[PDB]
Protein chains: 2
Amino acid sequence: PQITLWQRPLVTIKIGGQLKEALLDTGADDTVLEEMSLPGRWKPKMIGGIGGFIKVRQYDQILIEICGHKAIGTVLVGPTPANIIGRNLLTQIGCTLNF
Amino acid sequence: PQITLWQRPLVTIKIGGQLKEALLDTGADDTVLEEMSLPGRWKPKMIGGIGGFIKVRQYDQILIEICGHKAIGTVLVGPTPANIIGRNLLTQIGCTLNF
Ligand SMILES: CC(C)[C@H](NC(=O)N(C)Cc1ccccn1)C(=O)N[C@@H](Cc1ccccc1)[C@H](O)[C@H](O)[C@H](Cc1ccccc1)NC(=O)[C@@H](NC(=O)N(C)Cc1ccccn1)C(C)C
């Protein structure tokens with residue numbers, strides 16, 4: 001598919017069995033998702049953004065499915081205001097920027 | 001061009017006379033550049049992201065060239081970690097996400 005950028009590029013992702021929407025984000029290095037409790041082992045982390053840093057938990061090897069396309073990687077869960085799909089999972093789904 | 005996202009998507013921009021690099025950022029509504037003097041008048045604004053809010057100066061109707069493509073649009077200047085080109089100028093240059 002081709003997403004245009006008139007609206008925020010939101011898509012549905014299936015993660016841990018359930019669907020959520022998430023923003024496709026070429027300027028994020030990592031994927032950050034709203035608070036949820038996944039089974040599994042995690043690590044504390046801090047990630048930063050325009051106004052400062054926030055505390056998150058890192059899960060490794062999570063399968064997500066972004067418009068039919070699976071990807072496996074690291075996800076950070078924390079008190080974020082949006083669910084953000086960053087480049088670590090976007091590379092796996094073959095996604096490009098074209099102008 | 002077609003840009004893959006294995007590395008951070010950074011381009012050279014020309015603005016005010018300067019060259020700079022900025023990130024092409026689909027997850028950003030607006031464009032935020034590090035502090036500079038730009039010709040023109042400006043209004044204070046706040047913008048936010050992960051971590052909170054910063055104070056930015058707003059300049060409207062600013063010419064900017066991203067990879068040899070011109071846009072003319074609003075640019076916010078403030079103390080951002082990174083120079084970000086957001087969706088307000090990516091649609092002028094005809095950028096899409098494809099996968
Ligand atoms: C730049 C700013 C105007 C932009 N804000 C924005 O678009 N807003 C607030 C409108 C809005 C409101 C509600 C929903 C959606 N959008 C923003 O920060 N967007 C975030 C997404 C977001 C939106 C709202 C709340 C919280 C998050 C978007 O993720 C940007 O890609 C942002 C850009 C950025 C990059 C580097 C440094 C600062 C800002 N990435 C990030 O914040 C990511 N950080 C990151 O990847 N970093 C810091 C690594 C890095 C370092 C240096 C250079 C590049 N990358 C994190 C989500 C992990």
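Scope of the values below: all heavy atoms of this structure, side chains included, with no hydrogens, waters or symmetry mates. Numbered from 1 within each chain, the chains take letters A, B, ... in sequence-line order. One-based numbering, in listed order, for ligands and for the atoms of each.
For ligand 1, the atoms sitting less than 4.0 Å from at least one non-hydrogen atom of B:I84 are 1 (C), 33 (C), 34 (C), 39 (C), numbered in the order shown with element in parentheses. Remark: ligand 1 atoms within the under-4.0 Å shell around heavy atoms of A:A28 are 46 (O).
Looking at ligand 1, you'll find an N or O of A:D29 within less than 3.5 Å of one of its N or O atoms. For ligand 1, the polar-atom distance check against B:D25 finds a nitrogen or oxygen pair separated by under 3.5 Å.
Shortest non-hydrogen contact noted between A:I72 and A:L89 is C-CD2, 4.1 Å. Between A:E35 and A:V77, the closest heavy-atom pair is CA-CG1, 3.9 Å. Here the shortest heavy-atom pairing between B:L38 and B:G16 reads CD2-CA, 4.0 Å. The shortest heavy-atom contact between B:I93 and B:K70 is CG2-O, 4.2 Å. In terms of heavy-atom proximity, B:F99 sits nearest to A:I66 at CE1-O, 4.1 Å.
For atom 36 (C) of ligand 1, the closest non-hydrogen atom on the protein side is B:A82 CB, 3.7 Å. Among protein heavy atoms, atom 52 (C) of ligand 1 sits closest to B:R8 CZ, 4.0 Å. The nearest heavy-atom contact from the protein to atom 3 (C) of ligand 1 is B:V32 CG2, 4.0 Å. With hydrogens left out, the protein atom closest to atom 1 (C) of ligand 1 is A:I50 CD1, 3.3 Å, a heavy atom. Atom 58 (C) of ligand 1 has A:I47 CD1, 3.8 Å as its closest protein atom, hydrogens excluded (heavy atom only). Scanning all protein heavy atoms for the shortest distance to atom 42 (O) of ligand 1 gives A:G49 CA, 3.5 Å.
If you check each of B:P81, B:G27, B:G52 against atom 19 (N) of ligand 1, the one with the closest non-hydrogen atom is B:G27. Nearest to atom 8 (N) of ligand 1 by heavy-atom distance, out of B:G86, B:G48, A:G86, B:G78, is B:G48.
A:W42 and A:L63 are not part of a single hydrophobic cluster, where members link through side-chain heavy atoms under 4.5 Å apart.
Distance check for atom 23 (C) of ligand 1: every protein heavy atom is found at 4.0 Å or beyond.
More than 12 heavy atoms of other shown residues, nucleotides or ligands fall within 6.0 angstrom of atom CD in A:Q2. The number of heavy-atom neighbours closer than 6.0 Å to CD of A:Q18, taken from other residues, nucleotides and ligands shown, is above 12.
Among B:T31, B:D29, B:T74, the single residue meeting the side-chain hydrogen bond (donor to acceptor under 3.5 Å, both in side chains) criterion with B:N88 is B:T31.
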